[PDB]
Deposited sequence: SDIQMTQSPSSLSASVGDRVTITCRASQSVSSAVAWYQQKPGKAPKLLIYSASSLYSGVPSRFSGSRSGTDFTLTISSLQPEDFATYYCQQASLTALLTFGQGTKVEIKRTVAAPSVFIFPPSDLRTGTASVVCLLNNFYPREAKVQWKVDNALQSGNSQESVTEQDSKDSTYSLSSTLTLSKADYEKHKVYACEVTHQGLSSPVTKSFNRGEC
């Protein structure tokens, strides 16, 4: 269970994904394409032989290659290799290159106070690149542990990323402090932007 490697490329660029098995695996190396969540699709089998329905532009010792001659919008997906005991490679995800975009920050006070805990949400909407750092402060004391993040797949429309972060604390502790804020760092942000609220509608 390891997260795949990443790369960025625009339409038309040439990309050579490599896969290495420890020893000599003859020609029995197959290449797959997987789009988020859904099942893989076989592109190459026996190292070089292309499969039915795979476009022309796909081509395949211990070093084995998959090459796309001219990247097209459709090819944005995670690619896998295989060794035929059968084991699967780490995988490589094709990202779409795009000009930098700063996020838009929104902070939501908690509504689940009757639940025992209090959950504050900070919204990072549509930013590029993926790297974003959300920092949590309570009375301008930076926080850690109380928070979990989650990120979207690259949008097909504007090739954006978004991010939700939830600060969860016991209501007891929540009603001890007044200031709750999420400070956001992004390459496209000159300044770290701070969205905040004061407890008790201030």
Q | Where the deposited sequence has no C-alpha coordinates (positions from 1, in order) | A | 1-5, 66-68, 93-96
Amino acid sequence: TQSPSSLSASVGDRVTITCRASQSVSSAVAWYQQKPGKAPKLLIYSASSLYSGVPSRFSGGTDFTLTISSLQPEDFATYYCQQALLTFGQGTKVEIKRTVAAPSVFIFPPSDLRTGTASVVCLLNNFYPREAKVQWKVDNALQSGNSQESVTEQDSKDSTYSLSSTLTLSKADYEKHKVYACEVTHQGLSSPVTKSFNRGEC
From here on, numbers count along this sequence of modelled residues.
Q: Could you check which stretch, 16-24 or 180-188, carries the larger mean CA temperature factor in the entry?
A: 16-24
Q) Once you work out the mean C-alpha B-factor for both 69-77 and 105-113 from the entry, which is higher? A) 69-77
Q) Whose C-alpha has the highest temperature factor in the PDB entry: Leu50, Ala39, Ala172, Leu163? A) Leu50
Q. Taking the values straight from the PDB record, which of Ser147, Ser156, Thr62, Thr152 has the highest C-alpha temperature factor?
A. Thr62
Q: Place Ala30 in the lowest, middle or highest third of its chain's C-alpha B-factors, as listed in the PDB entry.
A: highest
**Q.** Ranked against its chain, the third holding the CA B-factor of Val54
**A.** highest
Q. Hey, what third does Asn140 fall into on Cα B-factor, ranked over its chain?
A. highest
Q: Using the B-factors in the PDB entry, rank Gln90's C-alpha atom against the chain and give the third, lowest, middle or highest.
A: highest
**Q.** Third of the chain's Cα B-factor distribution that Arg130 belongs to, per the entry
**A.** lowest
